[PDB]
Amino acid sequence: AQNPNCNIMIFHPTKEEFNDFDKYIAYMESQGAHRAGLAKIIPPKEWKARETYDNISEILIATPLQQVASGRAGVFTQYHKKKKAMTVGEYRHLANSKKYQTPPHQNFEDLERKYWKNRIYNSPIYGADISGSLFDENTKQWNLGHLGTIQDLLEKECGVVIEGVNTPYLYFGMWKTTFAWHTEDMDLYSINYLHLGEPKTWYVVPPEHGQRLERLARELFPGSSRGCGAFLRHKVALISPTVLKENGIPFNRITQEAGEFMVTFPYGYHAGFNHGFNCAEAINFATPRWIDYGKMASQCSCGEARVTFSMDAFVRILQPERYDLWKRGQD
Ligand SMILES: O=C(O)CNC(=O)C(=O)O
Ligand SMILES: [Mg+2]
Ligand code: NI
Ligand SMILES: [Zn+2]
């Protein structure tokens, strides 16, 4: 079995290997990459996403979110407070202000120490889930707006034609902006491209060990667990690497820099934080190997998780027994 320790693998495709997206994912999996839950892909030196990022300041962040924490430094939740709209240029100035800017630090490990020590004492502001793309239409390789759709994959594998669409989303981050422990909707893959700015540090649990993370989370967040048998779908809970190690949970970490792609694999729990002002693009995708994970994905039916239109068909076709309860949680 390839990659039995579930290490995060880093790939350097050539320009020729960068042509066929599906084929390269299947290649990475042939080398065991999915066992980690996360892989990094460094694009060939000849590739670019677009010509420049000099003209993005007028994009609107309609509903910036202030991420307010509660708990202790290593075990906390966050809630999202809505703020007034602002442009990307206004958000960048805010990220760089004395109140929000990255502190002085020696290296990525020092900054990670500072994040876990001090995150809860601040409330950074995040632009999230903004439908759109920064890939040039003429970028033919790994263009996250031109991927094969999840609805087409389900039709190809299973024969069922369904409604729904699959488009990318932009993220604008600052120092201490935080992504809580989660798997993707319907335990899909994700791909994330860091277009510009400062890094993102990721934490990930191997898919084969995801239930260990879920059991710790029920212990650490006991009222949330009584409220919902899939409360990690709410995307609010954080657990530090130190707490994970104290509890024996297998995990890995890596820092993504501008110009790099990350792929998350089905049922790979992940979390992380941004180092400073940045912009990322991400989208969910599927392969044939996903189908069996989609059929088994947990679901939130308490009402908290609320998701896109296109998830309806995935539940309806893959999880007909669960569909009526889940749809009630959507309404
Ligand atoms: O960049 C982000 O904020 C979040 N992205 C992810 O959790 C992802 O691609 O799975
Ligand atoms: Mg603009
Ligand atoms: Ni994710
Ligand atoms: Zn729920």
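Cut-offs and rules
Residues numbered from 1 in each chain as written, not as in the entry; some residues may be left out. Chains lettered and ligands numbered in written order. Heavy atoms only, no water. Residues with missing side-chain atoms left out of burial classes, pairs and counts. UniProt positions renumbered as here; feature names shortened; annotations may be inferred. Buried < 20%, exposed > 50% of the residue type's maximum accessible area, 1.4 Å probe, protein only. Helix = DSSP H or I, 4+ residues; strand = E, 2+ residues; numbered from the N terminus. Arc of directions from axis to C-beta. Contact = heavy atoms within 4.5 Å. Donors = N, O, S within 2.8 Å, 3.2 Å for Na, K, Ca; no water. Axes fitted to C-alpha atoms, helices over the stretch in contact; angles between N-to-C directions. Parallel < 35°, antiparallel > 145°, perpendicular 65-115°, else oblique. Salt bridge = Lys/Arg side-chain N within 4 Å of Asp/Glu carboxyl O. Pairing = 2+ DSSP bridges. 1 Å grid on protein atoms, 1.4 Å probe; cavity = no way out; pocket = protein on both sides within 12 Å on 5 of 7 lines; lining within 4 Å. Points joined across faces, edges and corners; volume = space filled by probe spheres on them. Nonpolar A, V, L, I, M, F, W, Y, C, P; charged D, E, K, R; others polar. Polar contact = N/O pair within 3.5 Å; in protein donor to acceptor, adjacent residues only side chain to side chain.

Its PDB record attributes the structure to X-ray crystallography, giving the resolution as 1.2700 Å.

Note on the protein chain: under the UniProt heading Catalytic activity, the record states "N(6),N(6),N(6)-trimethyl-L-lysyl(9)-[histone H3] + 2 2-oxoglutarate + 2 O2 = N(6)-methyl-L-lysyl(9)-[histone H3] + 2 formaldehyde + 2 succinate + 2 CO2". For the record of the protein chain, the UniProt heading Sequence similarities holds the text "Belongs to the JHDM3 histone demethylase family."

Caption draft 1: Molecular detail of helix α2 (residues 88-95). When α2 is considered as a whole, its buried residues turn out to be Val88, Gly89, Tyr91 and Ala95. Buried positions in α2, seen along its axis, are confined to an arc of 160° and lie on one side of it. Among the structural elements, β3 (60-61), β6 (86-87), β7 (125-131) and β8 (169-173) are those in contact with the buried residues of α2.

Caption draft 2: Broad picture of the UniProt feature "binding site: Zn(2+)" in the protein chain. UniProt's entry tags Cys228, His234, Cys300 and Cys302 with the feature "binding site: Zn(2+)", counted in the numbering of this structure. Across 75 residues of sequence, these annotated residues stay compact in space, with a maximum C-alpha separation of 9.8 Å. Turning to its location among the elements, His234 is positioned in the loop between α6 (222-227) and β12 (237-239). The exposure class of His234 is partly exposed, given its relative accessible area of 23%. Setting aside residues no more than four positions away along its own chain, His234 makes contact with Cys228, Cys300, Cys302, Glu304 and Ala305. Relative to the assigned elements, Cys302 resides in the loop between α8 (290-296) and α9 (311-318).

Caption draft 3: Fine view of the coordination of the nickel ion (ligand 3). For the nickel ion (ligand 3), the full set of protein donor atoms is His182 (NE2), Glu184 (OE) and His270 (NE2), at a range of 2.0 to 2.3 Å. Mapped onto the sequence, the residues coordinating the nickel ion (ligand 3) show the spacing H-x1-E-x85-H. Of the two residues, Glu184 is situated in the loop between β9 (178-182) and β10 (189-197) and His270 in strand β15 (residues 269-274); the sequence distance between them amounts to 86 residues. Assessed through its relative accessible area of 12%, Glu184 is described here as buried. Exposure remark for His270: the relative accessible area of 2% places this residue in the buried category.

Caption draft 4: The packing of α9 against helix α10 (residues 320-330), seen in detail. As a packed pair, α9 and α10 sit with axes 6 Å apart at the nearest point and diverge in direction by 140°. The angle between the axes of α9 and α10 places the two elements in the oblique class. Across from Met311, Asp312, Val315, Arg316, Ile317 and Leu318 in α9, the residues of α10 making contact are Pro320, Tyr323, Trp326 and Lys327.

Caption draft 5: Representation of the pattern of salt bridges. This model, assessed by the stated rule, comprises 11 salt bridges. Between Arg113 and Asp110 there is a salt bridge, and its shortest N-O distance comes to 2.8 Å. Highlighted residues: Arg113 and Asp110, both in helix α3 (residues 108-118), separated by 3 residues, approximately one helical turn. Classification of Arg113 as partly exposed rests on a relative accessible area of 45%. Taking the relative accessible area as the measure of exposure, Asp110 reaches 16% and is therefore buried.

Caption draft 6: Broad picture of the pairing of strand β14 (residues 261-264). Neither face of β14 is open: one carries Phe261 and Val263, the other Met262 and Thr264, and all of them are buried. The pairing of strand β2 (residues 38-41) with β14 spans 4 bridges and is antiparallel. Considered in β14, the bridge of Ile41 is made with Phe261. As judged from the 4 bridges shared by β10 and β14, these two strands associate in the antiparallel manner. Looking across to β14, one finds that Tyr193 is bridged to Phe261.

Caption draft 7: View of the layout of surface pockets. In this model, the second largest pocket occupies a volume close to 390 Å³. Taken together, the elements giving at least two residues each to the lining of the second largest pocket come down to α1 (21-30) and α4 (150-158). Grouping the constituent residues of the lining of the second largest pocket by class yields 10 nonpolar, 7 polar and 8 charged.

Caption draft 8: Summary view of the UniProt feature "binding site: 2-oxoglutarate" in the protein chain. The UniProt record annotates "binding site: 2-oxoglutarate" at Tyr126, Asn192, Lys200 and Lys235. Structurally, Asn192 is set in strand β10. Accessibility expressed as a relative area gives 10% for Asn192, which makes it buried. Not counting residues within four places of it along the chain, the set of residues in contact with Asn192 comprises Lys200, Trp202, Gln256, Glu260, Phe261, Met262, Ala280, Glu281 and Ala282. Here the side chain of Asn192 touches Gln256 through a polar contact of 3.2 Å, side chain to side chain.

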